[PDB]
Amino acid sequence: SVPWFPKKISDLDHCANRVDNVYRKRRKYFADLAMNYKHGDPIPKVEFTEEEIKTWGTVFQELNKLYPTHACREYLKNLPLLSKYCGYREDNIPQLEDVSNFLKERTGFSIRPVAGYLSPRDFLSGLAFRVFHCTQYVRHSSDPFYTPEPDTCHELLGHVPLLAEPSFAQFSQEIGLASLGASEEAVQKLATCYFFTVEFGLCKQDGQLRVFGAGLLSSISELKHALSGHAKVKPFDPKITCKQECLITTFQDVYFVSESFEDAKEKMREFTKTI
């Protein structure tokens, strides 16, 4: 029989809640905000602390040094749009509500604040309705270069700029749409393909390797590592790519290169029929 899946955007209420002293209370605070959030609510505006803003400022400042030579053209295209409309600055952390409103005008995507990791099924189910579950907290100040879990920096600098791109927006949703009510095996295959594209993908533009992986675009160290030449590279092929192990708390052992977003989209459409 078919497992439960959302049939409308508001149904995501039923799946979004899955799962240093001052930092812990701060983290619980953000978790509480996401937990009590219901569809239709404005995403609660948060006054970030200076340490959090300085952390964002450090990551943001350093990544912007790398983006022109590392990021794909679409990322570099939409990133200034975010700084002109959503307050992307070194001294200011953008609000999830504002960028969500921006995405609505651009690609119809929206943001939903989430406490932490959701199951791949629940997360991909959100994409089916062009909803991206975002963490609202900032990474610990100890290591701004890399963090073993998503933070608001990862969402805002990694995911948001490409979600504003129609071709990429379509690609993301179709992965989500494919996931709806799919078998456990199918969801995991889709989740792995999502992982090595949306989160850690590489693309070929004008003969050059560029980064569109969100997990890469928000990590100072791995972004450099991905294009250094010391990394393992393979062509994106869903049947093969979906068999690759997804690593956490570390750099990936291999990266997959797509020809383009529409190319990645077409390869996925072919693949989802097989499963």
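Just so we're on the same page, rigid core means the largest C-alpha set that superposes within 1.5 Å between forms. Just count from 1 along the sequence shown to find any residue number.
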Do the Cα atoms of 60-68 or of 242-250 sit farther, on average, from the shown structure in 7 other deposited structures of this protein when the rigid core is superposed? 242-250
Rigid core superposition result in 7 other deposited structures of this protein, more deviant of 106-114, 146-154 by Cα: 146-154
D20 preceded by how many uncoordinated deposited residues after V19: 10 or more
Mean C-alpha B-factor comparison - 241-249 and 218-226, higher one: 241-249
As the entry reports it, the stretch among 158-166 and 136-144 with higher mean C-alpha B factor is 136-144
Compare the CA B factors listed in the entry for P42, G57, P68, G207 and report the winner. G207
Quick one: which of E97, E74, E184, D151 has the biggest Cα B-factor according to the entry? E184
Considering only modelled residues of the same chain, in which third does the CA B-factor of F102 rank: lowest, middle or highest? lowest
Divide the modelled residues of the chain into thirds by Cα B-factor and specify which third, lowest, middle or highest, holds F129. lowest
Compared with the other modelled residues in the chain, in which third is the CA B-factor of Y23? highest
Chain third (lowest, middle, highest) by recorded CA B-factor, residue given as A264: middle
Consider only the C-alpha atoms of the modelled residues in this chain, order them by B-factor as the entry records it, and name the third containing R121: lowest, middle or highest. lowest
